[PDB]
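All remarks here apply to the structure that follows.
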Amino acid sequence: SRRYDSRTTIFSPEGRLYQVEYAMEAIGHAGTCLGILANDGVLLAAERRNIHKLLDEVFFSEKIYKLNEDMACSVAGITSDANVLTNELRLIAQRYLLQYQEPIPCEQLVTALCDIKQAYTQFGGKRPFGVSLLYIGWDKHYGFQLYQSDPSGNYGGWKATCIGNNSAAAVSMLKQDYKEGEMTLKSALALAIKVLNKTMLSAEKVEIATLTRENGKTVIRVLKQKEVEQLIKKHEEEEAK
Amino acid sequence: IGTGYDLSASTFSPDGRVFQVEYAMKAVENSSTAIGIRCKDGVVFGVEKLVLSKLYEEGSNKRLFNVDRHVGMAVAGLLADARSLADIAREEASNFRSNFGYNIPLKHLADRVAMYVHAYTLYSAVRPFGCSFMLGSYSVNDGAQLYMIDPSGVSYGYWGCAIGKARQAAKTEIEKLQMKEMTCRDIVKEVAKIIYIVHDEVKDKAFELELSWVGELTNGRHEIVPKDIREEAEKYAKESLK
Amino acid sequence: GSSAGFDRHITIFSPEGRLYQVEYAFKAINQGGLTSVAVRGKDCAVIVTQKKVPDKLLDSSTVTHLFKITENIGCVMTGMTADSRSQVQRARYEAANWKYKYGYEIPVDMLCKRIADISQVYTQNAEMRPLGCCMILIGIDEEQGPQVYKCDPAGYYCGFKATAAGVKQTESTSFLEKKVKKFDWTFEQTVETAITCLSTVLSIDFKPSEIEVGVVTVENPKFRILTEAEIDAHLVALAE
Amino acid sequence: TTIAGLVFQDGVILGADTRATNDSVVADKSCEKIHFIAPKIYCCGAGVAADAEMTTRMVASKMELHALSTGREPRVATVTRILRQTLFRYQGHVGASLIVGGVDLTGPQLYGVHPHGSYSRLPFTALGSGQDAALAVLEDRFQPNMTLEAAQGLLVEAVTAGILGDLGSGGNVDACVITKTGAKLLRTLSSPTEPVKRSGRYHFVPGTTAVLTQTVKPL
Amino acid sequence: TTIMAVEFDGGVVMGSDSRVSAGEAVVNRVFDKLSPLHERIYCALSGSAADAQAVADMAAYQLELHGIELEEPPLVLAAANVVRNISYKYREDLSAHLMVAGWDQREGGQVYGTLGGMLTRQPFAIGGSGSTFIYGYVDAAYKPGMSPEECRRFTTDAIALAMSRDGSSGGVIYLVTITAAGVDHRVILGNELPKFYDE
Amino acid sequence: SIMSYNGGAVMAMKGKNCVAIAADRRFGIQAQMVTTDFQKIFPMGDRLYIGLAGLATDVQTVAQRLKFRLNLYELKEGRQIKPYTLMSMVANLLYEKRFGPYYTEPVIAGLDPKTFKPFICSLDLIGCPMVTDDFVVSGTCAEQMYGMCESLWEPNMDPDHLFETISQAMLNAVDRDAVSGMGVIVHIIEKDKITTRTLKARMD
Amino acid sequence: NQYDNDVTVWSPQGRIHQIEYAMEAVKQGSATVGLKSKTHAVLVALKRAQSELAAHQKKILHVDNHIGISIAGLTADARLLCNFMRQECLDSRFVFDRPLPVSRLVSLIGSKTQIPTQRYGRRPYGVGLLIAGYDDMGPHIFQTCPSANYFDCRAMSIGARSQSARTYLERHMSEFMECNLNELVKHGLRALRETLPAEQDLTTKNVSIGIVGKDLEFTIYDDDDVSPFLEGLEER
Amino acid sequence: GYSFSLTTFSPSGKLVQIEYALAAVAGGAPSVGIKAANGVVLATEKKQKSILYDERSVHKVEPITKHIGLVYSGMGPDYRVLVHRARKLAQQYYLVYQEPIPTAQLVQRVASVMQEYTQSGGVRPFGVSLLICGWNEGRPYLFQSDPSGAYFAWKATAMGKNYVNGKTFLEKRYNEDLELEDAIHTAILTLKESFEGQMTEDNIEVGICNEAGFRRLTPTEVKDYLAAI
Ligand SMILES: *[B]([O])([O])[C]([C]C1=[C][C]=[C]C([C][C])=[C]1)[N]C(=O)[C]([C]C1=[C][C]=[C][C]=[C]1)[N]C(=O)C1=N[C]=[C]N=[C]1
Ligand SMILES: *[B]([O])([O])[C]([C]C1=[C][C]=[C]C([C][C])=[C]1)[N]C(=O)[C]([C]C1=[C][C]=[C][C]=[C]1)[N]C(=O)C1=N[C]=[C]N=[C]1
Ligand code: NA
């Protein structure tokens with residue numbers, strides 16, 4: 001028994017949690033997934049890895065998950081692990097709603113899942129969840145929000161961020177073209193395609209979703225392939241000129 | 001085969017063996033010899049109980065036990081394991097009477113206890129018993145019955161049986177006896193003779209002979225062989241050696 | 001045939017997707033030294049195995065590999081004897097439990113599927129080892145006629161026209177397929193096929209105490225174990 | 001409720017009324033008391049309607065798992081046992097009184113299962129508040145090996161006697177015939193009460209109801 | 001209900017009426033209360049129908065596995081202890097009496113009482129609501145050394161005598177004769193019952 | 001009775017291609033009225049509503065525990081629930097408390113996703129589903145409601161006819177119930193729209 | 001090498017090295033001697049001091065009015081075993097209102113201490129005891145070990161240099177049954193002093209005595225209470 | 001039991017036990033699923049080692065409920081565990097919602113159990129990849145669930161021995177507008193691409209799903225499909 005134990009919840013000589021660090025490597029191999037905050041909304045733009053000709057495409061998305069009436073998320077890592085976490089996110093959002101009769105504020109939903117992810121690093125002897133998440137949302141306290149959380153259970157709020165393949169290159173590219181406070185969903189969608197083009201471009205290989213506020217109610221919408229095509233050719237035109 | 005394949009009972013070796021059980025069987029083979037003989041009117045047990053120290057009392061470390069009023073147990077191997085099996089066997093017999101209102105049939109007791117033994121041969125969590133033992137019984141309905149269980153959990157019925165250092169040597173001597181037509185009074189003298197023959201006076205120190213029997217003579221009750229009959233069998237055993 | 005980590009010590013996949021510990025449990029069956037044959041006929045099913053009693057010091061009637069699971073279901077176990085007894089106790093439990101919950105006797109296939117499913121758990125959980133034994137069950141089905149089923153330490157199970165287990169399993173199956181290819185499958189033709197398979201494969205001209213025969217018949221579905229005199233009546237007719 | 005069973009020459013007939021009562025008030029004029037267990041096993045429920053509904057649903061679901069695993073048609077003994085052992089465990093607190101009828105490899109069978117978990121294999125039976133009216137018709141005219149037409153006729157009469165004699169029973173007679181070849185669910189096989197007619201002139205002119213608030217949500 | 005068992009040389013005779021009631025209402029008028037616990041071991045059921053059937057189902061199950069483990073037909077004493085223990089452990093929650101009778105290679109034909117978790121061997125025994133009115137009859141009519149036919153006649157007469165007097169008893173008398181050879185099932189119809197003073 | 005501690009009434013009615021759902025607005029404890037605007041009908045979809053009569057805590061609790069399961073269901077399923085399926089969801093929620101139940105008797109009124117077929121039903125306090133093709137009632141004035149509904153209901157009622165019928169059946173029933181009233185609210189659920197109306201009702 | 005780590009691992013020789021390692025704890029505790037006559041059971045033990053300033057450790061503990069023990073090994077395991085024994089004794093007097101028969105108590109120790117020798121992650125007791133008792137079978141001297149085996153003894157010695165003490169008990173064995181209390185205790189003291197170095201003798205500071213018998217309940221003598229017995233010793 | 005995970009992340013970021021479980025699948029007998037316009041086909045190689053095997057005794061194509069069916073590649077005994085679990089899960093849904101479980105819903109529930117065996121302590125992942133077919137909301141469904149617990153909705157796909165070739169063969173050979181009568185023929189031709197020997201109605205197994213639910217084709221039905229091949 002001691003022989004077969006992997007020791008997944010222990011520190012290395014330099015104060016490192018190796019399973020947590022190896023979980024992150026898994027996320028680097030997953031498809032690129034970026035989030036951009038704007039004044040009139042917030043978006044999620046991810047690379048599609050289920051890109052074979054004989055796929056049925058039954059669901060409305062591949063990587064984009066609705067969690068709440070006001071929140072959505074995207075994943076990068078082990079997709080089965082991500083199914084567990086998104087399902088738990090939906091249960092946490094309903095436990096809050098049942099109790100307070102108001103939707104869960106964005107940061108609180110992220111912290112709650114991150115406390116489950118952290119527990120996998122400190123006790124139990126199990127491997128961690130090999131997933132990183134990008135959360136988009138709206139709440140009555142901080143309005144449009146964009147979060148990111150990694151397998152360690154650590155999280156942060158962002159104005160633009162990227163996870164998955166070539167995440168590093170995309171964050172340096174977003175760092176240059178992001179105009180804090182002067183961004184709109186129209187300009188941010190242009191930036192989302194501009195970034196994914198370099199870090200990877202058919203509307204079959206991409207998947208975009210937006211979160212906006214229409215008539216005092218939140219509107220979450222995954223863009224249609226034609227919509228994505230019109231956004232790609234509006235950039236293809238600017239690249240040639 | 002010292003390559004990890006022999007550290008757990010939940011691990012088979014590449015040739016399909018469970019070495020933890022084989023190493024537990026070795027603990028019995030290293031121990032002193034115990035013999036049991038089934039005859040026309042009962043079952044008789046005899047044990048070569050080596051005297052480790054002159055300081056110990058006569059009758060210390062009794063390798064013969066009463067598992068039930070009609071059942072007896074002869075052990076060879078790691079004594080604390082052997083006594084723990086005696087308590088299991090006892091409780092098994094006790095639970096049969098509480099369930100069905102009559103004495104546990106010997107093959108049934110052998111079957112039940114052999115599976116508590118078997119259970120310890122499947123996991124990394126527990127260790128096999130380093131013990132082999134015999135169960136003897138006599139009733140009018142079932143007749144004379146002798147069974148033996150090994151560390152692997154195997155239970156077989158016997159006419160004659162030996163366990164320990166001299167298991168094979170005692171077997172070629174029990175084979176000379178025509179026990180199927182003998183009494184327990186007759187077979188007692190022979191059990192002592194066989195134990196004295198297979199004893200190693202050079203390699204081993206002094207020994208004490210333990211003799212027990214269950215048969216028609218005892219009214220189906222497992223008893224120690226009285227001092228009177230034991231002295232008579234030990235006298236014949238020594239006289240035969242010369 | 002690569003190894004990585006503890007794939008030869010516990011039931012975890014090897015680089016090729018194999019379960020070395022399960023493979024070793026099949027080799028444990030042969031450690032017993034015996035071989036077993038089972039043949040299904042037009043209206044019967046017979047199981048026959050070796051009966052090696054080396055010392056006259058044993059009580060020959062307690063040395064057996066044939067077992068009664070239920071009144072109409074019997075089995076021949078091949079492999080590690082205590083592992084085999086363990087599986088027979090569980091088979092008996094599962095069968096009695098089935099009739100208690102469902103009010104009808106367990107079908108041969110359902111008892112086989114059940115024991116095979118129990119065996120699979122050992123194949124997936126690491127803290128315990130597979131059983132080093134093979135179970136072959138026979139019985140007469142109310143609407144399916146005579147049944148012969150076998151289950152593995154792997155958890156696999158199946159129905160058969162004829163089957164074998166143990167040391168000379170491959171040769172016994174090679175022989176059994178040659179006879180089924182070419183007969184009116186009567187009780188005598190089913191019994192003899194099984195006896196002469198064990199005999200020609202082990203190259204032993206049997207004595208009535210050297211083998212044990214078990215049978216289920218459509219006329220008498222109760223699992224019956226053959227006497228030495230009954231075993232001899234077949235052995236002598238085979239020599240004729 | 002008036003639920004009834006019969007065993008004829010080629011199978012079983014199950015009968016039921018369509019009244020659900022909530023304390024001397026008829027809540028439902030046409031409920032379904034004959035429930036499916038397996039293709040050739042049906043069950044009539046009487047008592048606490050939720051208990052009859054859920055214990056029938058649970059055993060039907062358990063019989064699908066049974067048949068899927070075995071690969072065979074389920075036996076009526078299995079449904080009787082699964083039901084009894086569940087009801088006994090609840091000690092009569094699950095108030096379902098059932099009439100299980102069906103056909104398996106061992107022929108047609110009819111069983112009465114009571115809320116405490118007791119059962120009987122019967123050639124004819126009746127349960128519910130109107131069981132005595134049905135049991136009188138069955139005792140009076142049951143003969144073994146009845147023809148399908150003769151058995152249907154007797155069953156309809158047995159349920160009808162309960163419909164008119166029991167205040168806790170009414171509506172139509174629902175029936176189910178189960179034979180070696182399957183089951184025919186004869187809903188509203190008989191209607192002992194001819195279509196109820198009124199001279200209803202209860203029309204309200206639009207605007208007669210005084211409205212204080214009005215909001216319209218387009219969809 | 002009226003149940004009865006009688007020991008004889010080669011075995012036992014067990015009888016019962018056929019009435020299942022629910023208050024003053026006869027629910028089943030042809031119930032067989034002699035339930036087999038093994039080939040050659042039977043029990044006669046009385047009291048709560050649900051409790052009696054539950055105990056019989058569990059006892060037959062326990063005895064089936066017990067028999068297969070001993071590679072032998074269970075002893076009637078073992079079957080009596082099996083029923084008795086269940087009736088005793090659950091005596092506060094059970095309201096059934098299961099009389100146990102049958103045959104053995106060892107002790108031949110034996111009759112047992114299980115009333116409220118107790119255990120008693122009887123040359124003959126009676127149970128159920130109907131037994132109250134035939135105590136004086138069985139005390140006068142029982143003679144030792146009765147043949148199996150004489151046992152069936154003693155059982156039929158005593159049960160018919162109780163059936164007439166007891167509202168909770170009636171219908172038909174089911175007879176069962178357990179012997180080394182096997183079990184015989186008889187049914188005495190309500191038309192064929194023995195006649196005595198009934199006014 | 002426990003159900004009469006708070007009082008109230010709920011009713012649902014079928015239409016040719018529309019459905020109606022109505023309830024009173026009293027919230028009172030025993031003989032004392034607390035508020036005159038208590039909500040007893042809750043939207044479960046675009047064209048699906050549930051009305052709960054009985055003990056005010058359990059009306060609120062059942063509605064909230066049902067909305068929890070509903071939201072999770074629509075998230076996993078990616079579709080709006082069918083009216084019949086919502087009934088089965090309430091039956092299972094109520095039956096879970098079989099031996100210690102919620103004191104509420106629901107009524108469901110909605111339209112089939114085939115954007116048409118009206119659906120009405122009711123459940124007892126232990127979750128027994130009951131679908132009808134006419135009307136369903138639940139309240140302290142169920143006897144009054146049955147009388148009004150049985151007399152007033154007609155088969156293929158137009159939305160306007162349905163409105164007058166359900167309004168008159170609620171008003172006249174709750175006007176003979178001491179612990180029901182303080183106004184009536186009615187929802188008319190058509191394919192194209194929902195019309196919510198509060199009636200001018202007695203205030204005693 | 002690999003067969004040293006856990007008690008559940010059998011070595012290829014049919015040995016359990018963890019049990020053997022636990023027995024090394026007993027051999028490293030200071031010498032204790034137990035012996036019996038026809039009426040008495042005596043426990044005589046040497047008490048080591050961890051420095052001149054520290055006191056000589058309590059080697060003899062009370063179990064019941066008819067039972068007393070002397071320990072050798074892990075003192076924390078000795079306390080664990082002592083409280084189990086004290087409690088088993090309490091249960092017997094509570095239930096039966098009679099002393100727990102000494103041989104029965106010793107069987108419970110063997111049964112209790114065998115359990116962790118067959119369970120993974122568990123370890124045997126690192127304690128060996130000498131038990132002095134009196135019951136309907138007269139006086140008794142028992143020996144328990146980290147291997148769950150136990151022995152009925154006429155006399156015995158466990159611990160550091162206990163071989164020297166064993167030799168005196170074997171040579172004087174015959175005189176013990178007819179011995180009076182003063183003589184039986186002196187025999188115990190002589191066996192104890194044979195383990196002691198050549199330069200070292202017995203002392204009213206390092207000697208501890210425990211006596212139980214026909215009229216005496218288990219009593220522990222330690223310093224000036226030990227003086228009357230030492231006042232008879234005369235040589236080597 | 002063993003409370004620690006047996007599947008952990010290698011330094012390169014791979015869950016190697018899941019990779020090794022996928023190897024067990026890639027070495028199993030081939031299976032095919034084809035989503036036709038009016039139905040779904042499931043086809044597999046049921047070739048056993050000798051004539052002595054009673055082919056009719058055990059099945060690879062299995063029903064879950066009236067409208068859902070199943071097939072696999074990999075470890076046979078592992079599959080049986082998932083079949084029982086799937087049938088149970090389908091009854092739990094029906095008991096609550098009183099509606100046949102949607103195929104996406106069954107596939108999701110089953111895939112959750114598969115994920116569990118990649119993280120729960122002292123167990124290895126399943127050495128099986130399942131092809132699940134169903135009929136709900138008047139339309140056909142074809143899904144695949146692999147040892148990691150990941151699911152995929154396919155129009156047509158292959159698993160087991162020679163799946164790379166079968167998957168290219170399916171892509172080019174047929175496309176949308178397939179009648180179920182045409183799809184069965186294609187599934188058997190995809191299998192004939194790997195099969196070693198004469199392909200009979202006793203060594204291949206087919207199952208169909210349509211408006212009438214899911215059912216396994218009889219050997220006489222398979223024989224008539226093989227009469228045209
Ligand atoms: B019957 O009259 O006994 C009836 C049985 C019933 C009713 C509806 C649906 C089914 C399907 C299995 C069965 N039971 C009732 O009417 C009961 C009240 C009752 C109880 C005992 C004796 C007589 C009547 N009513 C309900 O439980 C109920 N009524 C309306 C709506 N939901 C439940
Ligand atoms: B008898 O009168 O004691 C009879 C015996 C019995 C035992 C097992 C099985 C059955 C039939 C399934 C019957 N029991 C009854 O008739 C009892 C009522 C009784 C009990 C004691 C004295 C007089 C009468 N029946 C029931 O408990 C019962 N039967 C049907 C419906 N509900 C309950
Ligand atoms: Na394992």
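Letters for chains follow the order of the structure tokens (A, B, ...), residue numbers begin at 1 for each chain, and ligand numbers begin at 1 in the order shown.
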For residue 61 (chain E), please output as JSON, numbers by chain all residues within 10 Å (counting only C-alpha atoms; exclusion window: fewer than 3 positions along the same chain). {"C": [96, 97, 98, 99, 100, 101], "E": [37, 38, 55, 56, 57, 58, 64, 65, 66, 67]}
What would the file look like if the residues just selected were written as a short mmCIF file (atom, residue, chain, number, x, y, z; two decimals), in the first residue's frame with C-alpha atoms?
```cif
data_model
loop_
_atom_site.label_atom_id
_atom_site.label_comp_id
_atom_site.auth_asym_id
_atom_site.auth_seq_id
_atom_site.Cartn_x
_atom_site.Cartn_y
_atom_site.Cartn_z
CA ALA C 96 -29.90 -19.03 -2.86
CA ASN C 97 -30.16 -15.25 -2.64
CA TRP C 98 -31.57 -15.09 -6.23
CA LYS C 99 -34.44 -17.54 -5.47
CA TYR C 100 -35.18 -15.57 -2.27
CA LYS C 101 -35.59 -12.19 -4.05
CA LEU E 37 -39.40 -25.18 4.29
CA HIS E 38 -37.41 -28.06 2.62
CA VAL E 55 -40.81 -15.71 8.35
CA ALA E 56 -41.49 -18.72 6.07
CA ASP E 57 -39.69 -17.09 3.11
CA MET E 58 -36.65 -16.31 5.26
CA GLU E 64 -31.76 -24.04 1.53
CA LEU E 65 -28.25 -22.61 1.92
CA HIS E 66 -27.75 -24.56 5.19
CA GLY E 67 -28.67 -27.83 3.44
#
```
Taking only C-alpha atoms into account, what are the residues of chain C at most 10 Å from chain D, put as a list in words? residues 99, 100, 101, 102, 103, 104, 106, 107, 109, 110, 113, 142 and 143 of chain C
Env of residue 68 (chain F): 9 Å cut, atoms = only C-alpha atoms, seq-sep filter 6 positions within chain, self excluded. Answer as a ChimeraX atom specification. /A:91,94-95,97-98
Taking only region 65-140 of chain E into account, list the residues labelled helix (DSSP H, G or I) by DSSP (computed from the backbone), as an MDAnalysis selection string. chainID E and resid 65:70 76:89 115:117 129:133 135:140
Show me, as JSON lines, the residues of chain F having an atom within 8 Å of chain A, each with the closest atom pair and its distance in Å, using only C-alpha atoms.
```
{"residue": "F:64", "atom": "CA", "partner": "A:98", "partner_atom": "CA", "distance": 6.2}
{"residue": "F:65", "atom": "CA", "partner": "A:98", "partner_atom": "CA", "distance": 7.1}
{"residue": "F:68", "atom": "CA", "partner": "A:94", "partner_atom": "CA", "distance": 5.8}
{"residue": "F:71", "atom": "CA", "partner": "A:94", "partner_atom": "CA", "distance": 7.7}
{"residue": "F:72", "atom": "CA", "partner": "A:90", "partner_atom": "CA", "distance": 6.8}
{"residue": "F:75", "atom": "CA", "partner": "A:66", "partner_atom": "CA", "distance": 7.1}
```
Go ahead and save the residues from that selection, with N, CA and C atoms, as a PDB file, in the first residue's frame.
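Output contents, as saved in out-v1.pdb:
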```pdb
ATOM      1  N   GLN F  64     -39.406  27.111  -4.206  1.00  0.00           N
ATOM      2  CA  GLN F  64     -37.969  27.343  -4.257  1.00  0.00           C
ATOM      3  C   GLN F  64     -37.157  26.073  -4.522  1.00  0.00           C
ATOM      4  N   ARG F  65     -37.487  24.957  -3.847  1.00  0.00           N
ATOM      5  CA  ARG F  65     -36.777  23.700  -4.086  1.00  0.00           C
ATOM      6  C   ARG F  65     -37.066  23.192  -5.503  1.00  0.00           C
ATOM      7  N   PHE F  68     -34.958  25.238  -8.008  1.00  0.00           N
ATOM      8  CA  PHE F  68     -33.570  24.763  -7.945  1.00  0.00           C
ATOM      9  C   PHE F  68     -33.389  23.599  -8.931  1.00  0.00           C
ATOM     10  N   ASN F  71     -33.942  24.736 -12.736  1.00  0.00           N
ATOM     11  CA  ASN F  71     -32.790  25.419 -13.282  1.00  0.00           C
ATOM     12  C   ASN F  71     -31.667  24.447 -13.634  1.00  0.00           C
ATOM     13  N   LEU F  72     -31.343  23.513 -12.716  1.00  0.00           N
ATOM     14  CA  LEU F  72     -30.331  22.502 -13.005  1.00  0.00           C
ATOM     15  C   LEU F  72     -30.725  21.645 -14.205  1.00  0.00           C
ATOM     16  N   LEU F  75     -30.289  23.434 -17.512  1.00  0.00           N
ATOM     17  CA  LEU F  75     -28.864  23.641 -17.780  1.00  0.00           C
ATOM     18  C   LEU F  75     -28.225  22.361 -18.323  1.00  0.00           C
TER      19      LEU F  75
END
```
List as a compact mmCIF listing (two decimals) with N, CA, C and O atoms, in the first residue's frame the protein and nucleic acid residues lying within 7 Å of ligand 2, with only C-alpha atoms and all ligand atoms counted.
```
# COMPACT_ATOMS: atom_id res chain seq x y z
N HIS D 114 -51.43 -7.36 -0.42
CA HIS D 114 -51.99 -6.39 0.51
C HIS D 114 -50.92 -5.41 1.07
O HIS D 114 -49.73 -5.69 0.97
N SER D 118 -48.69 -9.29 2.50
CA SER D 118 -49.23 -10.65 2.40
C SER D 118 -49.75 -10.85 1.00
O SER D 118 -50.18 -9.88 0.38
N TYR D 119 -49.74 -12.08 0.51
CA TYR D 119 -50.26 -12.35 -0.83
C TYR D 119 -51.00 -13.70 -0.94
O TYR D 119 -50.80 -14.60 -0.12
N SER D 120 -51.80 -13.82 -2.00
CA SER D 120 -52.54 -15.06 -2.31
C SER D 120 -52.59 -15.27 -3.83
O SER D 120 -52.75 -14.28 -4.55
N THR E 1 -57.81 -19.21 11.96
CA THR E 1 -57.00 -20.33 11.48
C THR E 1 -56.98 -21.46 12.51
O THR E 1 -57.09 -21.20 13.70
N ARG E 19 -59.20 -20.62 5.55
CA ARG E 19 -59.70 -19.24 5.66
C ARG E 19 -58.66 -18.15 5.93
O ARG E 19 -57.95 -18.20 6.93
N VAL E 20 -58.67 -17.12 5.09
CA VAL E 20 -57.88 -15.89 5.28
C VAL E 20 -58.92 -14.80 5.51
O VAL E 20 -59.73 -14.59 4.63
N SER E 21 -58.94 -14.16 6.67
CA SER E 21 -59.92 -13.11 6.93
C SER E 21 -59.27 -11.73 7.14
O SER E 21 -58.05 -11.60 7.29
N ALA E 22 -60.10 -10.69 7.07
CA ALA E 22 -59.74 -9.30 7.29
C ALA E 22 -60.95 -8.75 8.03
O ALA E 22 -61.91 -8.30 7.40
N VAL E 27 -61.34 -13.07 2.92
CA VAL E 27 -60.50 -12.54 1.84
C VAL E 27 -60.13 -13.64 0.84
O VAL E 27 -60.14 -13.43 -0.37
N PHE E 31 -57.07 -20.96 1.02
CA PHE E 31 -55.63 -20.85 1.22
C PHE E 31 -55.00 -22.11 1.80
O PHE E 31 -55.50 -22.65 2.78
N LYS E 33 -52.30 -23.35 4.13
CA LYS E 33 -51.38 -22.81 5.15
C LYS E 33 -50.15 -23.72 5.45
O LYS E 33 -49.33 -23.38 6.29
N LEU E 45 -48.75 -22.24 8.94
CA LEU E 45 -48.84 -20.80 9.20
C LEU E 45 -50.08 -20.31 9.97
O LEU E 45 -51.19 -20.73 9.67
N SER E 46 -49.90 -19.38 10.90
CA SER E 46 -51.01 -18.75 11.63
C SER E 46 -50.65 -17.31 12.07
O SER E 46 -49.48 -16.95 12.09
N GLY E 47 -51.67 -16.50 12.38
CA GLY E 47 -51.48 -15.13 12.83
C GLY E 47 -51.47 -14.17 11.67
O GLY E 47 -52.14 -14.42 10.66
N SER E 48 -50.67 -13.09 11.76
CA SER E 48 -50.56 -12.13 10.67
C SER E 48 -50.08 -12.82 9.40
O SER E 48 -49.06 -13.48 9.43
N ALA E 49 -50.83 -12.71 8.31
CA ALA E 49 -50.48 -13.32 7.03
C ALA E 49 -49.13 -12.80 6.52
O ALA E 49 -48.27 -13.60 6.13
N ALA E 50 -48.90 -11.47 6.60
CA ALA E 50 -47.68 -10.83 6.16
C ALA E 50 -46.50 -11.29 6.99
O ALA E 50 -45.42 -11.53 6.43
N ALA E 52 -46.30 -14.14 8.82
CA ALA E 52 -46.11 -15.59 8.65
C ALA E 52 -45.42 -15.91 7.35
O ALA E 52 -44.51 -16.74 7.32
N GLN E 53 -45.82 -15.24 6.26
CA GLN E 53 -45.22 -15.47 4.97
C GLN E 53 -43.79 -14.98 4.98
O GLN E 53 -42.91 -15.73 4.58
N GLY E 128 -53.39 -21.50 16.18
CA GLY E 128 -54.37 -20.62 15.55
C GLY E 128 -55.59 -20.38 16.41
O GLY E 128 -55.83 -21.11 17.37
N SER E 129 -56.38 -19.37 16.05
CA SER E 129 -57.57 -18.97 16.75
C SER E 129 -58.54 -20.13 17.04
O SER E 129 -59.21 -20.15 18.07
N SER E 168 -63.11 -17.26 12.38
CA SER E 168 -61.86 -17.02 11.67
C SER E 168 -61.28 -18.29 10.99
O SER E 168 -60.24 -18.22 10.34
N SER E 169 -61.95 -19.44 11.16
CA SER E 169 -61.58 -20.71 10.56
C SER E 169 -62.75 -21.23 9.72
O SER E 169 -63.91 -21.04 10.08
```
Name the residues in contact with residue 131 (chain B) at a cut-off of 7 Å, using only C-alpha atoms, excluding same-chain residues fewer than 2 positions from it; report them as an MDAnalysis selection string. chainID B and resid 28 76:78 81:82 129 133 150:151
Could you please write out, as a PyMOL selection string, every residue of region 35-74 of chain B that DSSP assigns to strand (DSSP E or B)? chain B and resi 35-39+42-50+56+64-68+71-74
Quick check: residues of chain F within 8 Å of chain H, only C-alpha atoms, returned as a compact mmCIF listing (two decimals) with C-alpha atoms, in the first residue's frame.
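Saved as selection.txt:
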```txt
# COMPACT_ATOMS: atom_id res chain seq x y z
CA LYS F 76 -28.05 19.91 -18.18
CA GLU F 77 -30.73 19.35 -20.80
CA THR F 85 -42.29 16.51 -17.12
CA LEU F 86 -42.67 19.42 -14.62
CA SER F 88 -43.37 14.39 -12.66
CA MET F 89 -40.65 16.64 -11.13
CA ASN F 92 -41.00 13.12 -7.13
```
Coordinates-based distance that separates CA of residue 103 (chain E) from CA of residue 11 (chain E) (Å, one decimal):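 If I compute the distance from CA of residue 11 (chain E) to CA of residue 103 (chain E), I get 5.4 Å.
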